[PDB]
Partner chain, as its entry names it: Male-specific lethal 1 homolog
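One chain follows as structure tokens, the form deposited without the partner chain.
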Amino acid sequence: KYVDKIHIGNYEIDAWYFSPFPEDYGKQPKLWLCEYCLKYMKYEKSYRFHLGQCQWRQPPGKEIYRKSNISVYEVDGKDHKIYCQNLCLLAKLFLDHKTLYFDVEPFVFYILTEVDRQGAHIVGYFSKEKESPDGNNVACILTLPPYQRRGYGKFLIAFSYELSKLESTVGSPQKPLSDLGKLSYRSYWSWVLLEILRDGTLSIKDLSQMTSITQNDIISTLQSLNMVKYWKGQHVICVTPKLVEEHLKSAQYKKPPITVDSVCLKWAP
């Protein structure tokens, strides 16, 4: 028997996929997680004890972003092996194609939290290879189920590209994306490109430089917006500024409820 339900903070969440917690953890009805340190436990009694003993009120690592009550923590998987091993076992419950759980040192994880008087509550995260051969600025990304479809997912994507911009480099997420992944990325890419095309002759490589979105990713977005022509084996951006405004005004695209503010980011490569 696999883990199939978890209790974390005040949420219970059913699992979507196999996650390789040790066998005897699968045995239990629920898995109980500390919402701050992410320690997993077998019983409500050990959960309650931990709750009253644990001193953590936020993720480990560095708070590299604070705007209002949204915070992002940078955790190095080398400096915090166990926390990150726990994060990965948690994420694998909802990510089908996540492969890495124990070998965490090559990764740095970015933790989205919303803060109240009690502490900083994890809402989602994305991991990133420290050095990427394939040029992936995200390895895995995930908004926890009860928080999905509220702009946290898109905040994370936005954020992963803000980091790429400060590294003066283009990047694409590791594939395959989930269906929620695909939709959120195509939506983010769309909004970013449309917003910019509103404000005069920019090549696709010019757009790639400004946004840190790869040329393939810009091309495939522009195709779905119907703003790219094919000429002699070359993708040519063909934009009618009325159809740009047309698109924006529509329902499909809009400022996410919540956005990355480059000012409130305290990070450098």
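Positions refer to the first chain, counted from 1.
Enquirer: Per the record, how many residues of the deposited chain fall between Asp199 and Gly200 without being modelled: none, 1 to 3, 4 to 9, or 10 or more?
Expert: Per the record, 1 to 3 deposited residues are absent between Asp199 and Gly200.
Enquirer: Of the two stretches 239-247 and 29-37, which shows the higher Cα B-factor on average in the entry?
Expert: Taking the mean C-alpha B-factor of 239-247 and of 29-37, the larger value falls to 239-247.
Enquirer: Per the record, averaged over C-alpha atoms, which has the higher B-factor: 186-194 or 89-97?
Expert: Mean C-alpha B-factor is greater for 186-194.
Enquirer: Looking at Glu63, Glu44, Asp206, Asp217, which has the highest Cα B-factor in the entry?
Expert: Highest C-alpha B-factor among the listed options: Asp206.
Enquirer: For the listed residues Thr169, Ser172, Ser178, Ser127, which one has the largest C-alpha B-factor as given in the deposited model?
Expert: Out of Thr169, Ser172, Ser178, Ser127, the record gives the largest C-alpha B-factor to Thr169.
Enquirer: Lowest, middle or highest third: where is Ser19 by C-alpha B factor in its chain?
Expert: Within its chain, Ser19 is a lowest-third residue by C-alpha B-factor, going by the deposited values.
Enquirer: Could you look up the Cα B-factor of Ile13 in the entry and say which third of the chain it sits in: lowest, middle or highest?
Expert: It belongs to the lowest third of the chain when residues are ordered by C-alpha B-factor.
Enquirer: Can you tell me whether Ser132 has a C-alpha B-factor in the lowest, middle or highest third compared with the other modelled residues of the same chain?
Expert: CA B-factor rank for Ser132: highest third.
Enquirer: When the modelled residues of the chain are sorted by Cα temperature factor, does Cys264 land in the lowest, middle or highest third?
Expert: According to the entry, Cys264 has a C-alpha B-factor in the chain's middle third.
Enquirer: Where does the C-alpha B-factor of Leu163 rank in its chain, lowest, middle or highest third?
Expert: Middle third - that is where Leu163 ends up once the chain's C-alpha B-factors are sorted.
Missing here is the form deposited with the partner chain bound; even so, the following discussion is about that form.
Enquirer: At 4.5 Å between heavy atoms, is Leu89 in contact with the partner chain in the deposited bound form?
Expert: Although the partner chain is absent here, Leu89 would touch it in the deposited bound form, with heavy atoms inside 4.5 Å.
Enquirer: Under a 4.5 Å heavy atom criterion, is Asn136 part of the interface with the partner chain in the deposited bound form?
Expert: Contact check for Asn136: no, nothing within 4.5 Å of the partner chain in the deposited bound form.
Enquirer: Even though the partner isn't displayed, in the deposited bound form is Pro22 close enough to the partner chain, meaning a heavy atom within 4.5 Å?
Expert: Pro22: yes, in contact with the partner chain in the deposited bound form.
Enquirer: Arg198 near the partner chain in the deposited bound form, any heavy atom under 4.5 Å?
Expert: Output for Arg198 is no: heavy atoms all beyond 4.5 Å of the partner chain.
Enquirer: So which of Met227, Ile70, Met41, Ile218 reaches within 4.5 angstroms of the partner chain in the deposited bound form, heavy atom to heavy atom?
Expert: Exactly one residue meets the criterion: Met41.
Enquirer: Given the stretches 32-40, 240-248, 60-68, 205-213, which is the single one in contact with the partner chain in the deposited bound form, using a heavy atom cutoff of 4.5 Å?
Expert: It is the stretch 32-40.
Enquirer: When the partner chain is placed as it is in the deposited bound form, are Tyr11, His50 and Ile82 each within 4.5 Å of it, taking any non-hydrogen atom of the residue?
Expert: Yes.
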